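before the rest arrives, take these chain(s) from the complex:
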Amino acid sequence: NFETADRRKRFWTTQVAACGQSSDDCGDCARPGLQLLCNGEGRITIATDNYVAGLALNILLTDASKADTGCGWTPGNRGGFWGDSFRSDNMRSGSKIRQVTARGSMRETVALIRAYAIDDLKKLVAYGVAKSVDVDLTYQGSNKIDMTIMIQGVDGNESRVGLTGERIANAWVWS
Amino acid sequence: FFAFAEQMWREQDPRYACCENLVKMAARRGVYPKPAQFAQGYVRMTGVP
Amino acid sequence: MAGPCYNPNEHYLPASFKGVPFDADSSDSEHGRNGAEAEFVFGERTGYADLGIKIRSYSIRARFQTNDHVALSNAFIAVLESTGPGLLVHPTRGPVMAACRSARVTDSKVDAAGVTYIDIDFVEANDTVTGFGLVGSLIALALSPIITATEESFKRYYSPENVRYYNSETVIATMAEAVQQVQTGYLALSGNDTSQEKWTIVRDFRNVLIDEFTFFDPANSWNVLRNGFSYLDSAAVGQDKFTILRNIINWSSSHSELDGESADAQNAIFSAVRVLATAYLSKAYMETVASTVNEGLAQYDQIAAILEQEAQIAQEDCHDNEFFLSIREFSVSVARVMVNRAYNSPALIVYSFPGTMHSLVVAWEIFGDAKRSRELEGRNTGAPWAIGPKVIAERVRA
C-alpha cells in the first residue's frame, strides 16, 4: 500500500499571539489562545501547528497544587486540576514558577526561578514529546531580565542508526 | 537447485503431494475425507407402565 | 568546586520533613540494581541477569545551635515518631517521600553544652494499594458479556410454538439451515484430525439434525447454536478461521420477508448468528501478528462496520433496547484492543534509507544481527535484493 501509513491525526493546539498582543507603558506581551482559520466561503476551522510549542505553553501557564503551609488555603485557589486524579502516569499537571518568594538578594531569587522552570518543563521528556530541554537565564541589570527556552525535536521518519539513547515515543508530531 | 525447484513443484500436484498437503488442497475445493461412522437401528422395549 | 563564585545557599535546597523545617548538615544516598551473577562449573564463561531496581536509602545529620535548642530538638523528634511516611526535601535529591527508620540523638553537659546533633536514616516509601494487585488486562477480549446478551435477545423473540401456525414450518427450516452452516465450517477446519473426539462430535451433529422435535424448544435451539460455535473456534488457531467465519457472516446478512411477529422469529436467527460470528472473528484476529499498521487497522474497520449495522437494526424502532446497549458497549471494547494491537503489538516504525539495499544488510544495520532479516519479508514488498528506500521495521528498545 501507499507508504503514508501513519494515520494518527493532530487536534487543536494553543498558539502564541493567537488573540494579538496587549501593549502597555512597560512593554508588549503576547496573548496566546486558539486560532481561527477561514475558508473562501466561511467555514471557519481551528489551527493545529506547532504541537510541542503549544503544549509547553499549557505547562507554564497553569498553577499546580500548592504545598501545605500549616495555615491553609481557601478551597477556591488550592491550585492544581481535578482531572489529574484519573491519569495513571503518576504525575500532576501545571507548573509552580509563580509560587516563588523573595529570598535573599535578587540574584538568589532569579536562580531559584530558573530551578523551578527546569523542574516543570522536565515533564516534556517524560511524555516523550521532546528528547531534551534546557533554559538559559541571564541577569544583566535591575529591570532587564531575559530567559530563553530551547526544545529539541526529531523528524517523523528515522534516518540515523546507532543512537546511544532511545527514539522518543509519541514522535508522530515531529517536534 | 534443480532438485529443489522440481521438488517444490511436485509438492503442489494432487497425484504427488504429501498426505498433509493433499488434504489442505482438497479443503479448498469442498472435498473432505469421510470420518468414521457409528451403527444405528431401532429397539423395542416393553415394561409395566 | 571551580572558581571562587560559588553560593552554597543557591545550589542546596533547604531541608524539611512533613513540613517542619530543619537545618541539614550532610547528605548521602544508596542506589543500585539487583543482579544474579552465576559462574558455571569447569567453564571459562560466566553469566548475569537483571531482575529489578534496588530500594534507595537516605541519611542526614542535623545541627541545632539556637538558644533553647532542647525545645526545638525535643519537639522535632515528636515529628519523626509520627505514623506513616511523609514528604522529605532532600538537600540535593529534591522532594521525595520517605519514612524514618532510626535516629540517634547525641548530647552532653560538660563535653559539649549548647549544641545537639541527630543522625537520621530514611528510606524510600511509595504508596501501594491494599488489594495486592488489581491491574487491568489489555491482552484479551471479553466474550461472556456479549454472548449472554445475545442469549437474552434470541430467547425473547424466537418462539416457534406461538407464531401463526402456517409459518412454524418455515421458521424451523431456517434454524436447521443455520446449524448446518456451523457443521460445514467445523468439518472443513479439522480435515486432517484423527482423534477419538472428532468421531463423537460428528455423530452429535448428525443426530441433532436428524431428530425433528429438537428445535421446537427455544432452550434446545440456543444451546446447540452456542456449543456448535465453541467447537468451531477451538478447531484451529490463527489465520485458518478467517475464510470460514467470513462465509458464515455472508450467509447471515439476509432479512426475513414474512410479516408481523413471524418476521421477528426469523430475523432473530439471522441477527444472533451474525453477532456471534463477528465476536469469534475478532478473537481470531487477536491470535495473529499485525503485518502492518495500515493492514492492522483495515482489519478493525471491517469489524466495527458489522457491529454498527447490528446496533442500528436492534434500535430501529426500539425493537430491543437492551440489546442495543450491549452491542454498543462491546464495540468500544473491541476498539480498545484492536487499535492497541495495530499500533503497539510489535511497535513498527518507518525508516528512511539513502537507497535500496539487500534485506540482509538492512537487518544488520538496524538491529545488529543479520539473522533477523526473516522478519522484513512480510512487511515490505519488493525483491529481497531491492528493499527500500523506505523500510518498515521494529522499534529498537535497547
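On my side now, so go ahead. Numbering: from 1, shown residues only, chains lettered A, B, ... in the order given.

Check the gap between the residue nearest to the spatial centre of chain B and residue B:24 for me.
Residue closest to the mean C-alpha point of chain B, counted by Cα atoms, centre = their mean, is residue B:33 at 2.5 Å. Separation of residue B:33 from residue B:24 (Cβ to Cβ, to the nearest Å): 12 Å. For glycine as for every other residue, the C-beta is placed from the backbone atoms N, C-alpha and C.

Need the residues touching each of the two.
Common neighbours of residue B:33 and residue B:24, using Cβ atoms under 8 Å, 6 or more residues apart in numbering or on different chains, are residue C:191.

The residue nearest to the centre of chain B and residue C:190 touch, don't they?
No. At 10.3 Å, residue B:33 does not count as touching residue C:190 under the criterion of Cβ atoms under 8 Å.

what residues does chain C put near chain B?
For chain C, the residues in contact with chain B (Cβ under 8 Å from any Cβ of the partner chain) are C:187, C:188, C:191, C:192, C:198, C:199, C:202, C:203.

repeat that with 6 Å
Contact residues (Cβ under 6 Å from any Cβ of the partner chain) of chain C with chain B: C:187, C:188, C:191, C:192, C:199, C:202, C:203.

which ones are touching residue C:342?
Going by Cβ atoms under 6 Å, 6 or more residues apart in numbering or on different chains, residue C:342 touches C:290, C:293, C:296, C:297.

Among those residues, list the two that are farthest apart in space.
C:290 and C:297 (8.7 Å; Cβ to Cβ).

Looking at these two, which one has more neighbours?
Between residue C:290 and residue C:297, counting by other Cβ atoms under 10 Å in any protein chain shown, residue C:290 is the more crowded of the two (21 against 18).

before we move on, back to that, check the gap between the residue nearest to the centre of chain B and residue C:187 for me.
For residue B:33, the distance to residue C:187 equals 10 Å [Cβ to Cβ].

How about residue B:9?
The gap separating residue B:9 from residue C:187 is 30 Å, by Cβ to Cβ.

Stretch A:83-103 and chain C in contact?
No. Stretch A:83-103 does not reach chain C (Cβ under 6 Å from any Cβ); its nearest approach is 8.9 Å.

More neighbours: residue B:9 and residue C:187, which one.
residue C:187 (19 against 10).

For chain A, give the residue positioned nearest to chain B.
Closest residue of chain A to chain B, Cβ to the nearest Cβ: residue A:1 (26.3 Å).

Grab the nearest non-local neighbour of that residue.
Once flanking residues are discounted, residue A:1 sits nearest to residue C:294: 5.4 Å by Cβ to Cβ, 6 or more residues apart in numbering or on different chains.

extra chain here, label it chain D:
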Amino acid sequence: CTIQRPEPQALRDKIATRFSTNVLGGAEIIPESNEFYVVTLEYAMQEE
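Putting chain D together with the chains above:
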C-alpha cells in the same frame, strides 16, 4: 439481566477510547494537551 450505573474509572476510559479511536485515529491522549481537557470535560457532563 441488568445494567447499572458505571463506576468513575470504568466510565472515563470508555470516553477516552471512543474519542481517540474515532477523532484522532488511534493516537494516544497526551496529558495536558487540549484533547486532555476535552476528554475530561466530556466525562464530567457524563457523570452529572
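
Please list all residues in contact with the residue nearest to the centre of chain B.
Residue B:33 neighbours (Cβ under 6 Å, 6+ apart): none.

make it 10 Å
Applying Cβ atoms under 10 Å, 6 or more residues apart in numbering or on different chains, we find residue B:33 in contact with B:22, B:23, B:26, B:27, C:187, C:191, C:192, C:193, C:194.

Residue C:362 too?
For residue C:362, the contact set (Cβ under 10 Å, 6+ apart) comprises C:351, C:353, C:356, C:370, C:372-373, C:376, C:380, C:384, C:387-388, C:391, C:393.

what do you get if the cut-off is 8 Å, keeping everything else the same?
Counting by Cβ under 8 Å, 6+ apart, residue C:362 touches C:353, C:373, C:376, C:387, C:388, C:391, C:393.

So which of those residues wins on neighbours?
Most surrounded of the contacts of residue C:362: other Cβ under 10 Å gives residue C:387, at 25 neighbours.

Who does it form a beta bridge with?
residue C:357 (DSSP bridges).

Now do the phi/psi pair for the residue nearest to the centre of chain B.
phi -70, psi 150 (degrees, to the nearest 10).

what's the answer for residue A:46, then?
Backbone dihedrals for residue A:46, given as degrees, to the nearest 10, come out at phi -90, psi 150.

And the residue of chain C most remote from its centre, how close does it get to residue C:388?
Farthest-out residue of chain C from its mean C-alpha position, per Cα atoms, centre = their mean: residue C:110, at 67.3 Å. Between residue C:110 and residue C:388 the computed distance is 84 Å (Cβ to Cβ).

How about residue B:19?
For residue B:19 relative to residue C:388 (Cβ to Cβ), the value is 42 Å.

swap in residue C:358?
Using Cβ to Cβ, residue C:358 is found at 9 Å from residue C:388.

Flag every buried residue along the strand or helix carrying residue C:71.
Counting by DSSP states H and E, the element that carries residue C:71 is helix C:69-80. Neighbour counts over helix C:69-80 (16 or more other Cβ atoms under 10 Å in any protein chain shown) mark C:72, C:73, C:76, C:80 as buried.

Determine how far that helix lies from the middle of the whole chain.
Distance of helix C:69-80 from the chain centroid (Cα atoms, centre = their mean, to the nearest Å) equals 50 Å.

Please pull up the helix or strand immediately following that helix.
Next element after helix C:69-80 (DSSP H and E): strand C:86-90.

Does anything pack onto that following strand? Which helices or strands?
Packed against strand C:86-90 by the contact rule (3 or more Cβ pairs under 8 Å, 6 or more residues apart in numbering or on different chains; DSSP states H and E) you find strand C:16-17, strand C:57-64, strand C:94-98.

include chain E too:
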Amino acid sequence: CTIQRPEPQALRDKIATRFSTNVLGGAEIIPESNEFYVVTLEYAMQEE
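Below is chain E, added to the chains above:
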C-alpha cells in the same frame, strides 16, 4: 514425508563444511581471510 526451507544457521554451516572439505581438504575457515568472504557470499546467494 516433507522437506522445508532451512534455517539460516543450519544453512550457512552446510555451505562452510561442504566448501572446506571439497576445496581446502578439511582445513578450518579462518575468519577475515578471503575464504571467509567467499563462504558468506555463497550463503547469501543461497538464501536469496
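
back to the contacts of residue B:33, now that we've got chain E?
By Cβ under 8 Å, 6+ apart, the residues touching residue B:33 are B:23, B:26, C:191.

Just confirm the second one contacts residue B:32, I think it does.
This means residue B:26. Yes. In this structure, residue B:26 is within contact of residue B:32 by Cβ under 8 Å, at 6.7 Å.

returning to that earlier point: check which helices and strands the helix holding residue C:71 sits against.
In terms of contacts (3+ Cβ pairs under 8 Å, 6+ apart), helix C:69-80 is packed against strand C:57-64, strand C:103-106, strand C:116-123.

For stretch C:176-192, buried residues please.
Residues C:178, C:179, C:181, C:182, C:183, C:185, C:186, C:187, C:188, C:189, C:190, C:191 are the ones in stretch C:176-192 that count as buried (16+ other Cβ under 10 Å).

Return it as PDB; C-alpha atoms alone will do.
Taking Å, rounded to 0.1, in the frame of the first residue of the first chain, the C-alpha atoms of stretch C:176-192 are listed here in PDB:
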ATOM      1  CA  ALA C 176     -31.900 -26.100  10.700                       C
ATOM      2  CA  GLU C 177     -30.000 -24.300   7.900                       C
ATOM      3  CA  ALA C 178     -28.300 -22.100  10.400                       C
ATOM      4  CA  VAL C 179     -26.900 -25.100  12.300                       C
ATOM      5  CA  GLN C 180     -25.900 -26.800   9.100                       C
ATOM      6  CA  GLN C 181     -23.700 -23.800   8.300                       C
ATOM      7  CA  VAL C 182     -21.700 -24.300  11.500                       C
ATOM      8  CA  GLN C 183     -21.500 -28.100  10.800                       C
ATOM      9  CA  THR C 184     -19.900 -27.400   7.400                       C
ATOM     10  CA  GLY C 185     -17.400 -24.900   8.900                       C
ATOM     11  CA  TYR C 186     -16.200 -27.400  11.500                       C
ATOM     12  CA  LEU C 187     -15.800 -30.200   9.100                       C
ATOM     13  CA  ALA C 188     -13.500 -28.000   6.900                       C
ATOM     14  CA  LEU C 189     -11.200 -26.900   9.700                       C
ATOM     15  CA  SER C 190     -10.400 -30.300  11.200                       C
ATOM     16  CA  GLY C 191      -9.900 -32.200   8.000                       C
ATOM     17  CA  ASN C 192      -6.600 -33.800   8.900                       C
END
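
was I right about residue A:152 contacting residue A:133?
Yes. Applying Cβ under 8 Å, one finds residue A:152 in contact with residue A:133, separated by 7.1 Å.

In terms of neighbours, single out the busier of the two.
residue A:133 (19 against 14).

Now do the helices in the chain.
By default, I'm working from chain A. Here chain A has its helices, by DSSP state H, at A:51-60, A:106-121, A:123-127.

nope, chain C please
C:8-11, C:69-80, C:144-157, C:168-189, C:196-210, C:218-235, C:242-251, C:261-285, C:293-314, C:321-344, C:359-366.
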